[PDB]
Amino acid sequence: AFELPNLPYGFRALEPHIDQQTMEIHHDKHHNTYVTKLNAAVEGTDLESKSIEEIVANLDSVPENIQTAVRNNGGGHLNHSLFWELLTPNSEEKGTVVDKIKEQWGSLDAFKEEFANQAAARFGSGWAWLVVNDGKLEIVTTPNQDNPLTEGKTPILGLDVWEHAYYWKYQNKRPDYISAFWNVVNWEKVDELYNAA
């Protein structure tokens, strides 16, 4: 059954951009809760055999009695699993995806600008994503723990913009959190998820 994956770095590795208090509570309480509630919904069903990607890609096929719980807690597991890996203490703005971004948006900054506007515009709880749609790049956001895989789009970069992702250090200033984020993006992992799609 699903386990809370360890972070690939220590709680403090992403300072000063993401504070150790938030990394610890966000990983060990919030993500752990999604794993517990996901397990309680799937265990004793034929969902036990499927990857989270498989489940989230096909939420409409899930039996209605557990669909909401699998949508919310399944989305939660997948989103944070992606997120912990898309962060690094050794961010470098180079690679296959950084190059695709400059051809399409005209520069990395212009892309960041549009990502930031959508990320900030996401009202309430949700995620800002870079996706592949029909082999093209697209900036989308989703509400709560919805994931663009449910709409057949492949996520290659994600930002958590639930208040719990930035309240400790940035309180009500989501745009400053979005700015700090660029400093910790694992562009190696963005390339790997793109090269998969």
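Note that residue numbering follows the sequence shown and begins at 1.
Per the entry, higher mean C-alpha B factor between 160-168 and 147-155: So the stretch with the higher mean C-alpha B-factor is 147-155.
Stretch with the higher entry mean CA B-factor, where the candidates are 128-136 and 24-32: The deposited B-factors put 128-136 ahead on the C-alpha mean.
Maximum C-alpha temperature factor, selected from 82, 87, 119, 101: Of the options given, 101 has the highest CA B-factor in the PDB entry.
Chain-wide C-alpha B factor ranking for residue 142, given as lowest, middle or highest third: Its C-alpha B-factor, which the entry lists for residue 142, ranks in the lowest third among residues of this chain.
Lowest, middle or highest third - CA B-factor, residue 115: For residue 115, whose C-alpha B-factor we compare with every modelled residue in the chain, the answer is the middle third.
For residue 45, the third of its chain into which the C-alpha B factor falls: Highest third.
For residue 69, the third of its chain into which the C-alpha B factor falls: Residue 69: CA B-factor falls in the lowest third of its chain.
Third assignment of residue 188 from its chain's C-alpha B-factors: Residue 188: CA B-factor falls in the highest third of its chain.
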